[PDB]
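Below is one structure, written out as structure tokens; the observations come after it.
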Amino acid sequence: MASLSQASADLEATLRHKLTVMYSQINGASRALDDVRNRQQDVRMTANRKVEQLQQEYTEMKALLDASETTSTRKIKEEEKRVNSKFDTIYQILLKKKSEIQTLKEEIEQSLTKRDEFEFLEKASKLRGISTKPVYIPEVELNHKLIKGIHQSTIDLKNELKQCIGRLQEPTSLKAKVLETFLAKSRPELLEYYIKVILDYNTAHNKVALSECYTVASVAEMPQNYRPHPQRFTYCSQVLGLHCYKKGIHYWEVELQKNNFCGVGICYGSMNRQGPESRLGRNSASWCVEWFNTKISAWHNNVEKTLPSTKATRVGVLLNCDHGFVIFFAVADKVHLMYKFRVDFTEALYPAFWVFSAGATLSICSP
Amino acid sequence: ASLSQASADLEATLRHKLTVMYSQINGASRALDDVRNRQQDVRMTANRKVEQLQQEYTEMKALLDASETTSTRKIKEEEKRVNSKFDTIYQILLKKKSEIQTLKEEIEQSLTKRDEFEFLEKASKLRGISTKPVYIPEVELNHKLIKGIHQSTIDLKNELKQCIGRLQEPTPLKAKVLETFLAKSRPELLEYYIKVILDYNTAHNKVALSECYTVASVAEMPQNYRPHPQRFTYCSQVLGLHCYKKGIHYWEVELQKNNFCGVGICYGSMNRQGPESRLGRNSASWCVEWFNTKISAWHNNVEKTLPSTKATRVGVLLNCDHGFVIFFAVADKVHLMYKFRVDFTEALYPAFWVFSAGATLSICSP
């Protein structure tokens, strides 16, 4: 209700005020980007420290077996040396008795040579009395019971160890023509335009649980208590994708377990996140398909198209920003058709997801 | 009363013994081989039972290499789980950055043309835009799981320690030289040492032999060795393996429970049977003897009742070159028990007697 230079100034002044805050927002993000990569290294070392902590503990056990291994071996070589040393003795005992009898042999063999003599009789009359006797070796048996007992205890230790290792591990003219082409395509042709959808933790409602590198959304039993945020849903149990699309062709698949109270779709970034109006299908900025008591319905702007119920529980969604259509498919083996929308879109679209029945779960597919 | 017939009656029965002695000697030669073969027989049985354990321990070593990698995989999975979520959240933050970077440039572009009237119009829509700062959610590493693996691995170490214990616990001028030798010290006497070996042929049925045949002791039951001419039948005696007729010799004997036992020397000719075989009671045996802890030197049924002594190691010295045998008492120093001055007729074997159920004679090898 005024002038030029003052309006130019009233703009310019409050305009750069936001620019100066955006610097500190962006540098506030840049710090958080660094904190994450630092925190990855922080964990990477904590892994190695707990691994090296086990590499010690296993080497302690490995050395304990090297003790017992030598300790049982010593025992066997002692029993070996005991017996083999007795043979080294008995060999010497026999050896003496041999050369003893070898002498009396030669004493007789020498005396026989001179049978010229009369005193052949005299020199051998004393030799009549000598009478040698044969050698003998006593009972030298190796202790089998002791050596079989060690082996048996060592066999027992192997199957005692096996027991305890288990106890560790066990516990329009062009536009319409292109639509028809895409409507008739097969699963491999649709998968050429794939993009890995990522869930956004900013967007997820308090009772929506996110997991598996933020690719699995499900119903929470308790409120998860995320931070308050403008982009977070306050009324309805909803969550959005990370990336939005205004140019090109896109496709993604979603697996829906316990298909009872859940829904998949697309949404403009402008859609309000708060109040009952934020609910998907009930405004001008959201197109989706939805299950309610296992009855399939396509929704947009408070309008219900009650569809035929289907077997499949993998929903493939295709989007064409170049021409202007979004298509919903049912996938079990083949590609069945659920519904389509013919729209020239105003702005970029984020993928959109809803889940309500305590059990339902939406998962991004990457085949 | 004839020559050639006596020469023949000798010659005939003489070579009969010679021909038997061949078969005796070849009968020994076989036994010499049997022993050395039986040593090898045991030596392989040792290695086979050792190699049998070397397998069994390596089986256990590999079992730990499995669990070691199996628990490590589990930790690296929990690492990758968390680090992959950061790789996501980095991309989530990255989008929110460039999102706000755009609206910055949209505003920075619009400021340049403040010449225009439509500076107001083109930035009136830009008034409403309001960016908000980033946030990182709770990404905490599962400590309970990693401490639990470590605790079970600590438990396995002390479970193993338990069972390694269960392996090992259940298996539990003549006159002038005499005087010189009489005055010698223990190191000088030990220069003429010879390791005495007991002879199993000689030992009486109630005399037990052990420790590579160097320890004689009283048997409780009759040991029932083979019958042999050289074995004692009456008295509890045993002799040495080697006999000595030339040179100087020495040996030490430890006598536990010195009550009814005795040490000495003996000629090979001594008869082993009957009461006469007893050591000290004939012309072929010299010895020292304990009877009710009273020391006596004996030879040919003659007693010299000596002074009782403290020591229980008897050192015996023999001099075949000159002709004397000496008995010493040894505890720390070398005390003298008795001597014999004899020009010996033939070679001497060391000789030993034990009778009190408990007494034990052991050869010392310092």
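By convention in this document, the chains of the structure tokens carry letters A, B, ... by their order, each chain's residues are numbered from 1, and ligands are numbered from 1 in the order they are shown.
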Could you pull out the residues in stretch 20-145 of chain A that DSSP calls helix (DSSP H, G or I) from the backbone, as an mmCIF file with C-alpha atoms, in the first residue's frame?
data_model
loop_
_atom_site.group_PDB
_atom_site.id
_atom_site.type_symbol
_atom_site.label_atom_id
_atom_site.label_comp_id
_atom_site.auth_asym_id
_atom_site.auth_seq_id
_atom_site.Cartn_x
_atom_site.Cartn_y
_atom_site.Cartn_z
ATOM 1 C CA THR A 20 22.821 -15.248 5.425
ATOM 2 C CA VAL A 21 20.952 -17.941 7.426
ATOM 3 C CA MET A 22 21.214 -20.345 4.441
ATOM 4 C CA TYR A 23 25.043 -19.972 4.483
ATOM 5 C CA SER A 24 25.020 -21.195 8.117
ATOM 6 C CA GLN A 25 22.477 -23.911 7.249
ATOM 7 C CA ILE A 26 24.699 -25.188 4.375
ATOM 8 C CA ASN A 27 27.902 -24.967 6.459
ATOM 9 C CA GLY A 28 25.832 -26.634 9.229
ATOM 10 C CA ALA A 29 25.162 -29.491 6.778
ATOM 11 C CA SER A 30 28.789 -29.636 5.541
ATOM 12 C CA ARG A 31 29.849 -30.268 9.182
ATOM 13 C CA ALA A 32 27.259 -33.081 9.498
ATOM 14 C CA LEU A 33 28.553 -34.652 6.236
ATOM 15 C CA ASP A 34 32.039 -34.716 7.801
ATOM 16 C CA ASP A 35 30.741 -35.990 11.194
ATOM 17 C CA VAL A 36 29.172 -39.035 9.462
ATOM 18 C CA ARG A 37 32.344 -40.002 7.530
ATOM 19 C CA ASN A 38 34.350 -39.461 10.747
ATOM 20 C CA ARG A 39 31.804 -41.619 12.649
ATOM 21 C CA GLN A 40 32.201 -44.396 10.011
ATOM 22 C CA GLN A 41 35.980 -44.436 10.726
ATOM 23 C CA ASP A 42 35.094 -44.290 14.451
ATOM 24 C CA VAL A 43 33.117 -47.559 14.040
ATOM 25 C CA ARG A 44 35.690 -49.122 11.636
ATOM 26 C CA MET A 45 38.372 -48.893 14.363
ATOM 27 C CA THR A 46 35.918 -50.180 17.043
ATOM 28 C CA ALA A 47 35.411 -53.233 14.778
ATOM 29 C CA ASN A 48 39.165 -53.884 14.449
ATOM 30 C CA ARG A 49 39.646 -53.388 18.214
ATOM 31 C CA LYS A 50 36.937 -56.003 18.978
ATOM 32 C CA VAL A 51 38.319 -58.335 16.257
ATOM 33 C CA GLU A 52 41.906 -58.017 17.585
ATOM 34 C CA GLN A 53 40.342 -58.628 21.053
ATOM 35 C CA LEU A 54 39.112 -62.013 19.715
ATOM 36 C CA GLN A 55 42.347 -62.764 17.782
ATOM 37 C CA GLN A 56 44.108 -62.645 21.201
ATOM 38 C CA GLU A 57 41.470 -64.845 22.905
ATOM 39 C CA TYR A 58 41.678 -67.485 20.132
ATOM 40 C CA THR A 59 45.540 -67.408 20.176
ATOM 41 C CA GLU A 60 45.380 -67.972 23.978
ATOM 42 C CA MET A 61 43.340 -71.110 23.232
ATOM 43 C CA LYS A 62 45.694 -72.152 20.364
ATOM 44 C CA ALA A 63 48.697 -71.946 22.743
ATOM 45 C CA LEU A 64 46.813 -73.977 25.413
ATOM 46 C CA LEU A 65 46.627 -76.880 22.932
ATOM 47 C CA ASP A 66 50.342 -76.456 22.053
ATOM 48 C CA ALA A 67 51.073 -76.988 25.772
ATOM 49 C CA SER A 68 48.961 -80.158 26.129
ATOM 50 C CA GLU A 69 50.199 -81.424 22.725
ATOM 51 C CA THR A 70 53.840 -81.300 23.912
ATOM 52 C CA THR A 71 52.851 -82.469 27.449
ATOM 53 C CA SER A 72 51.200 -85.661 26.125
ATOM 54 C CA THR A 73 54.072 -86.164 23.589
ATOM 55 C CA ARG A 74 56.690 -85.942 26.369
ATOM 56 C CA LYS A 75 54.795 -88.687 28.249
ATOM 57 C CA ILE A 76 54.913 -91.035 25.222
ATOM 58 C CA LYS A 77 58.613 -90.412 24.480
ATOM 59 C CA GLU A 78 59.365 -91.054 28.209
ATOM 60 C CA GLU A 79 57.642 -94.477 28.015
ATOM 61 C CA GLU A 80 59.537 -95.028 24.709
ATOM 62 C CA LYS A 81 62.915 -94.149 26.254
ATOM 63 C CA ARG A 82 62.104 -96.245 29.365
ATOM 64 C CA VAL A 83 61.642 -99.397 27.280
ATOM 65 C CA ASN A 84 64.305 -98.699 24.619
ATOM 66 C CA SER A 85 66.918 -97.924 27.330
ATOM 67 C CA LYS A 86 66.180 -101.326 28.944
ATOM 68 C CA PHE A 87 66.870 -102.996 25.590
ATOM 69 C CA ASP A 88 70.153 -101.010 25.372
ATOM 70 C CA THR A 89 70.996 -102.620 28.745
ATOM 71 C CA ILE A 90 69.786 -106.147 27.896
ATOM 72 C CA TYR A 91 71.782 -105.965 24.606
ATOM 73 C CA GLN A 92 74.911 -105.360 26.698
ATOM 74 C CA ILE A 93 73.889 -108.194 29.107
ATOM 75 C CA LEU A 94 73.489 -110.611 26.165
ATOM 76 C CA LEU A 95 76.678 -109.282 24.520
ATOM 77 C CA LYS A 96 78.765 -110.242 27.592
ATOM 78 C CA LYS A 97 77.216 -113.735 27.720
ATOM 79 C CA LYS A 98 78.005 -114.126 24.003
ATOM 80 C CA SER A 99 81.730 -113.250 24.219
ATOM 81 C CA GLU A 100 81.861 -115.307 27.476
ATOM 82 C CA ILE A 101 80.817 -118.423 25.499
ATOM 83 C CA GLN A 102 82.903 -117.295 22.482
ATOM 84 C CA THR A 103 85.995 -117.531 24.746
ATOM 85 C CA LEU A 104 85.357 -121.122 25.910
ATOM 86 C CA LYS A 105 84.788 -122.025 22.257
ATOM 87 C CA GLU A 106 88.265 -120.680 21.315
ATOM 88 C CA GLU A 107 89.850 -122.258 24.421
ATOM 89 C CA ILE A 108 88.561 -125.625 23.141
ATOM 90 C CA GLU A 109 89.430 -124.839 19.474
ATOM 91 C CA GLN A 110 93.033 -123.974 20.455
ATOM 92 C CA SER A 111 93.455 -127.175 22.526
ATOM 93 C CA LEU A 112 92.332 -129.429 19.643
ATOM 94 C CA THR A 113 95.192 -128.270 17.357
ATOM 95 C CA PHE A 120 96.431 -132.966 24.865
ATOM 96 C CA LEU A 121 94.664 -135.116 27.498
ATOM 97 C CA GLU A 122 96.076 -133.132 30.465
ATOM 98 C CA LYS A 123 95.351 -129.667 28.992
ATOM 99 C CA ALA A 124 91.746 -130.662 28.116
ATOM 100 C CA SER A 125 90.935 -132.806 31.225
ATOM 101 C CA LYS A 126 90.061 -129.568 33.045
ATOM 102 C CA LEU A 127 87.957 -128.499 30.002
ATOM 103 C CA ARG A 128 85.572 -131.471 30.561
ATOM 104 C CA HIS A 144 49.827 -100.173 25.805
ATOM 105 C CA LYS A 145 47.130 -99.205 28.358
#
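With only C-alpha atoms taken into account, the protein and nucleic acid residues at most 7 Å from stretch 287-302 of chain B (excluding it and anything under 3 positions from it in its own chain) are residues 258, 259, 260, 261, 262, 263, 264, 265, 279, 280, 281, 282, 283, 305, 306, 307 and 308 of chain B.
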Generate the output file for the selected residues, N, CA, C and O atoms, as a PDB file, in the first residue's frame.
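Result file is out_19.pdb:
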ATOM      1  N   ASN B 258      69.221 -99.579  55.546  1.00  0.00           N
ATOM      2  CA  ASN B 258      70.435-100.340  55.876  1.00  0.00           C
ATOM      3  C   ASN B 258      70.255-101.168  57.156  1.00  0.00           C
ATOM      4  O   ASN B 258      70.691-100.775  58.242  1.00  0.00           O
ATOM      5  N   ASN B 259      69.605-102.321  56.998  1.00  0.00           N
ATOM      6  CA  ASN B 259      69.238-103.200  58.113  1.00  0.00           C
ATOM      7  C   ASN B 259      69.759-104.625  57.886  1.00  0.00           C
ATOM      8  O   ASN B 259      70.550-105.133  58.690  1.00  0.00           O
ATOM      9  N   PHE B 260      69.301-105.261  56.804  1.00  0.00           N
ATOM     10  CA  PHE B 260      69.777-106.585  56.382  1.00  0.00           C
ATOM     11  C   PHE B 260      70.145-106.521  54.892  1.00  0.00           C
ATOM     12  O   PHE B 260      69.339-106.883  54.018  1.00  0.00           O
ATOM     13  N   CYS B 261      71.358-106.035  54.627  1.00  0.00           N
ATOM     14  CA  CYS B 261      71.911-105.929  53.269  1.00  0.00           C
ATOM     15  C   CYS B 261      73.445-105.928  53.298  1.00  0.00           C
ATOM     16  O   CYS B 261      74.045-105.749  54.355  1.00  0.00           O
ATOM     17  N   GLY B 262      74.070-106.135  52.138  1.00  0.00           N
ATOM     18  CA  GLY B 262      75.531-106.225  52.046  1.00  0.00           C
ATOM     19  C   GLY B 262      76.098-106.032  50.648  1.00  0.00           C
ATOM     20  O   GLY B 262      75.465-106.400  49.652  1.00  0.00           O
ATOM     21  N   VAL B 263      77.306-105.465  50.595  1.00  0.00           N
ATOM     22  CA  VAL B 263      78.014-105.145  49.344  1.00  0.00           C
ATOM     23  C   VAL B 263      79.402-105.787  49.354  1.00  0.00           C
ATOM     24  O   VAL B 263      80.041-105.874  50.414  1.00  0.00           O
ATOM     25  N   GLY B 264      79.878-106.216  48.183  1.00  0.00           N
ATOM     26  CA  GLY B 264      81.208-106.826  48.087  1.00  0.00           C
ATOM     27  C   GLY B 264      81.687-107.200  46.695  1.00  0.00           C
ATOM     28  O   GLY B 264      81.219-106.648  45.688  1.00  0.00           O
ATOM     29  N   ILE B 265      82.637-108.141  46.667  1.00  0.00           N
ATOM     30  CA  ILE B 265      83.213-108.700  45.435  1.00  0.00           C
ATOM     31  C   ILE B 265      83.234-110.230  45.510  1.00  0.00           C
ATOM     32  O   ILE B 265      83.105-110.804  46.596  1.00  0.00           O
ATOM     33  N   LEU B 279      77.453-115.084  50.636  1.00  0.00           N
ATOM     34  CA  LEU B 279      78.644-114.227  50.515  1.00  0.00           C
ATOM     35  C   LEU B 279      79.284-113.942  51.864  1.00  0.00           C
ATOM     36  O   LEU B 279      78.598-113.582  52.824  1.00  0.00           O
ATOM     37  N   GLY B 280      80.607-114.096  51.910  1.00  0.00           N
ATOM     38  CA  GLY B 280      81.376-114.041  53.146  1.00  0.00           C
ATOM     39  C   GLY B 280      81.703-115.404  53.737  1.00  0.00           C
ATOM     40  O   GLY B 280      82.622-115.508  54.547  1.00  0.00           O
ATOM     41  N   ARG B 281      80.973-116.449  53.329  1.00  0.00           N
ATOM     42  CA  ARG B 281      81.108-117.793  53.909  1.00  0.00           C
ATOM     43  C   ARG B 281      81.864-118.773  52.995  1.00  0.00           C
ATOM     44  O   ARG B 281      81.554-119.968  52.975  1.00  0.00           O
ATOM     45  N   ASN B 282      82.857-118.273  52.257  1.00  0.00           N
ATOM     46  CA  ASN B 282      83.706-119.116  51.402  1.00  0.00           C
ATOM     47  C   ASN B 282      85.002-118.405  51.006  1.00  0.00           C
ATOM     48  O   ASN B 282      85.162-117.205  51.238  1.00  0.00           O
ATOM     49  N   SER B 283      85.906-119.154  50.381  1.00  0.00           N
ATOM     50  CA  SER B 283      87.217-118.637  49.974  1.00  0.00           C
ATOM     51  C   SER B 283      87.209-117.701  48.754  1.00  0.00           C
ATOM     52  O   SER B 283      88.249-117.131  48.417  1.00  0.00           O
ATOM     53  N   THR B 305      83.640-107.432  63.342  1.00  0.00           N
ATOM     54  CA  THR B 305      82.544-106.534  63.729  1.00  0.00           C
ATOM     55  C   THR B 305      83.014-105.069  63.788  1.00  0.00           C
ATOM     56  O   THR B 305      83.723-104.669  64.715  1.00  0.00           O
ATOM     57  N   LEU B 306      82.603-104.283  62.791  1.00  0.00           N
ATOM     58  CA  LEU B 306      83.096-102.908  62.584  1.00  0.00           C
ATOM     59  C   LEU B 306      82.285-101.860  63.375  1.00  0.00           C
ATOM     60  O   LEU B 306      81.235-102.190  63.934  1.00  0.00           O
ATOM     61  N   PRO B 307      82.775-100.597  63.435  1.00  0.00           N
ATOM     62  CA  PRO B 307      81.969 -99.518  64.029  1.00  0.00           C
ATOM     63  C   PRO B 307      80.811 -99.083  63.125  1.00  0.00           C
ATOM     64  O   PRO B 307      81.013 -98.913  61.922  1.00  0.00           O
ATOM     65  N   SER B 308      79.620 -98.899  63.699  1.00  0.00           N
ATOM     66  CA  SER B 308      78.446 -98.431  62.937  1.00  0.00           C
ATOM     67  C   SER B 308      78.652 -97.001  62.439  1.00  0.00           C
ATOM     68  O   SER B 308      79.261 -96.180  63.132  1.00  0.00           O
TER      69      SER B 308
END
- Task: Using only C-alpha atoms, pick whichever of A:292, A:182, A:201, A:194 has the shortest atom-to-atom distance to chain B.
- Result: A:201
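For the atom pair formed by atom CA of residue B:79 and atom CA of residue A:210, the distance is 18.7 Å, given to one decimal.
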